[PDB]
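The structure appears right after this line, and notes come after that.
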Amino acid sequence: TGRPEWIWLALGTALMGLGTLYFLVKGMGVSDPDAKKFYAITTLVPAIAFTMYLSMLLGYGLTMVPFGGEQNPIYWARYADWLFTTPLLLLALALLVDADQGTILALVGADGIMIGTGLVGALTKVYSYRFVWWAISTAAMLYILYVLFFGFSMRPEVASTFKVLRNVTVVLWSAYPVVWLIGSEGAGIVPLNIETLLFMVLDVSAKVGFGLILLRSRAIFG
Amino acid sequence: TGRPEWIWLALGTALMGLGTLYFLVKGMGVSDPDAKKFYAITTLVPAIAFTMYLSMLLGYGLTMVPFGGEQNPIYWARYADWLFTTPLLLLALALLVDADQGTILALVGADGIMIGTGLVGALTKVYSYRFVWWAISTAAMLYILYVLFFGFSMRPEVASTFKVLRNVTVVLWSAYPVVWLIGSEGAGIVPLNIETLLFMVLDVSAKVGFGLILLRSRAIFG
Amino acid sequence: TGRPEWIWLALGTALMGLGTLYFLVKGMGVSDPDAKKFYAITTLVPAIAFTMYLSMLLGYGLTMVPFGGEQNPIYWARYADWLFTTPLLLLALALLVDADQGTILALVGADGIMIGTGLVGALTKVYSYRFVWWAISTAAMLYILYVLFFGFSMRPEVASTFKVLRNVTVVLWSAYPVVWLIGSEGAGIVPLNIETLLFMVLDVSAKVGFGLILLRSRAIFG
Ligand SMILES: CC(C)CCCCCCCCCCCC[C@@H](C)CCCCCCCC(C)C
Ligand SMILES: CC(C)CCCCCCCCCCCC[C@@H](C)CCCCCCCC(C)C
Ligand SMILES: CC(C)CCCCCCCCCCCC[C@@H](C)CCCCCCCC(C)C
Ligand SMILES: *C/C=C(C)/C=C/C=C(C)/C=C/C1=C(C)CCCC1(C)C
Ligand SMILES: *C/C=C(C)/C=C/C=C(C)/C=C/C1=C(C)CCCC1(C)C
Ligand SMILES: *C/C=C(C)/C=C/C=C(C)/C=C/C1=C(C)CCCC1(C)C
């Protein structure tokens, strides 16, 4: 279509789709109750992303927000995606270390605050206020990274896989606020097709690569 | 009012209302923790449906979507309903067989994908794309029916009630994609008043009849 | 700004903000798994409220609804807030008395029905129907108060704290339907700046004061 970023959305659609099917087939036969939690999470995440990538590709998950006296194309469907996939990803890490329920509730809650404020900043028509929402969202992310790092006699397999998955998370999630900031939702320093490209690379690595690393460890089994 | 289907919405409103009160009174006195889960679910489902049937009757849960160069009346409130009641119904079956948590998460996740994609197809302005969303939703339903059928030393009361409730589910839920397809959200082969009528009969049977069958078995008690 | 109620929104924003940070710092060091559930809840609630109070202050959580041949300013962001904070508050009480899961599901479900119908009444363009939604919401609240009162060998610390927190709840929550009824969402007998003021006093007491009382008892620890 006439949207330069269409190619990255089609590509993202394809990659999330293939990853979903891949995890689906791989989870076939799993009977371990613990492993079943990781397969479910690991398959559900790209499955949701696929649908949200498809609605962006078809034009449904897109809206125009006026600001800076311009009509800016905002892909709201990413928040619909993140709203469910990021807490699911956080659950995988938490089941991993057998996190206390209070901690999980804190993470999920901070995460929803994180995505919900980013969405409000994304749709805000007063330019300066967009960055206020961006800051609160960022504060929520730092909270989460903090607990991932400092809130966590576990099996050496568990820790070993956790450290890896936790380093992956901190590095890939921290990039999202930067893309947003430099991208069309914020300062507009990077054009929307490049921004969509960056998010597509982060999403697939945060979702497919994360699940491949996760589904490789024996830490997921009881 | 001037909407021929008003009668089925009023009737559905009434039936969900009466069923709610019926289950409410019947659940009075229940102290068994397990039974309390089924009563809660069984009462909550028609309670939600009542509210969504009432907003359709009053005109709130209705919106016009343009497609095929026409202005089509779409009852979005059904998805608001289904979004919560279908996973609750799936929970009753899963508690029944004492399903593993990983399986429940898979079912709820597929279910949300199922209703969320159907809603997007319902609101999509490009005619052909409506059917793409319809197909993905259908694929999610088949997944669910698959696990209900093939993902499931349980008490003979449990199995016995499960088989019945599971046959009911497969038969009534499979009809929804067909109604949508033939109805005003899809090919428009069946007029909206007939479609609302069909959904009302499915909803009450899927909700009230399902709960009557459920609340009759001793399988729900510990 | 040009909205007389801005001062109460700024003030509410400030108070929820300060309470969040206060609970955050106080929860530092907590290792008891049970206590962690109460701190998380107690911090998450004002944290969400802060964000919703800020979007009201900035004008984002506000919309005009026509009715009575007038264009009425409706703060929809309060429902976005309540939708998550009221079930969380109900969870604190339920963990307190160690409520059965079936009961919790009933409370959360009734609560969502309560806030969701109030939101629909809030956005309804037919004046008389607003009060129908108001009534169903009120019926859902009475249900909840009923179970809090009559659905509940617990530690004397637990009961003692529960009675207090339960008396607080019944008294503050029962005021919300009255404010709405007399306020701009209903009969319009009280102007919007006074209504916002009343809700701000209820919100801070229902959220910050409730959490201070809660976080004072040894009932929250194992
Ligand atoms: C069987 C396994 C290994 C995987 C097959 C699933 C296929 C789907 C795509 C998986 C891609 C992700 C690899 C890990 C993370 C990233 C660094 C990839 C970023 C995305 C961009 C291009 C990647 C190349 C290709 C996989 C086409
Ligand atoms: C005490 C029990 C048995 C039930 C009383 C609750 C009353 C409310 C309506 C219950 C209806 C559902 C019966 C099971 C399923 C269906 C096949 C019914 C489809 C709906 C259409 C008309 C049904 C007739 C009537 C119940 C008015
Ligand atoms: C360390 C403790 C005690 C608390 C400090 C947190 C500060 C934030 C505000 C807390 C206010 C709530 C007190 C309990 C409930 C209410 C009756 C208060 C209603 C709100 C209106 C004004 C209150 C005064 C002030 C706290 C500024
Ligand atoms: C599958 C996708 C993932 C893992 C998404 C992570 C997205 C983030 C961590 C988002 C963070 C944001 C903020 C911290 C600042 C405001 C903007 C956001 C929403 C991009
Ligand atoms: C209480 C109502 C119930 C039990 C609803 C079930 C509804 C379905 C199983 C819906 C399925 C759909 C698809 C499979 C295709 C697309 C359209 C839908 C949303 C009707
Ligand atoms: C943190 C805020 C809290 C504790 C909110 C409680 C709000 C209520 C109990 C709301 C009730 C309502 C009804 C009973 C009637 C209709 C209007 C509402 C939504 C205000």
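Proteins get letters first, then strands, A, B, ... in listed order; numbering begins at 1 in each.
In terms of heavy-atom pairs under 4.5 angstrom with chain B, the leader among C:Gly109, C:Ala140, C:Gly116 is C:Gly109. In terms of non-hydrogen atom pairs under 4.5 Å with chain B, the most contact-rich of C:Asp100, C:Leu123, C:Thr117 is C:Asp100. With chain C as partner, the option from B:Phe84, B:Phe38, B:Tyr60, B:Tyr39 having the largest number of non-hydrogen pairs under 4.5 angstrom is B:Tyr60.
For C:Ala110, the part lying under 4.5 angstrom from a heavy atom of chain B is the backbone only. The contact between C:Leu105 and chain B is made by backbone and side chain atoms together, counting heavy-atom distances below 4.5 Å. With a threshold of 4.5 angstrom between heavy atoms, C:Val126 does not approach chain B through any atom at all. In this structure, chain C has a heavy atom under 4.5 Å from the side chain of B:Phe50, while its backbone stays farther away. Contacts of B:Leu95 with chain C are absent, with no heavy-atom separation under 4.5 Å from either backbone or side chain.
Counting all heavy atoms, side chain and backbone alike, C:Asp34 lies closest to C:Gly222 at OD2-CA, 3.8 Å.
In this structure the side chain of C:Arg130 reaches within 4.5 angstrom of the side chain of C:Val65, judged on heavy atoms.
Atom CH2 of B:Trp6 sits in a sparse spot, with 12 or fewer heavy atoms from other residues, nucleotides or ligands closer than 6.0 Å.
In this structure, OG1 on C:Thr85 lies 11.0 Å from CZ on C:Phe210, to the nearest 0.5 angstrom. Note that CZ of C:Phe131 is 13.5 Å distant from CD1 of C:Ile136, once rounded to the nearest 0.5 Å.
Between B:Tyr79 and B:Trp82, the gap from one ring centroid to the other is short of 6.0 Å.
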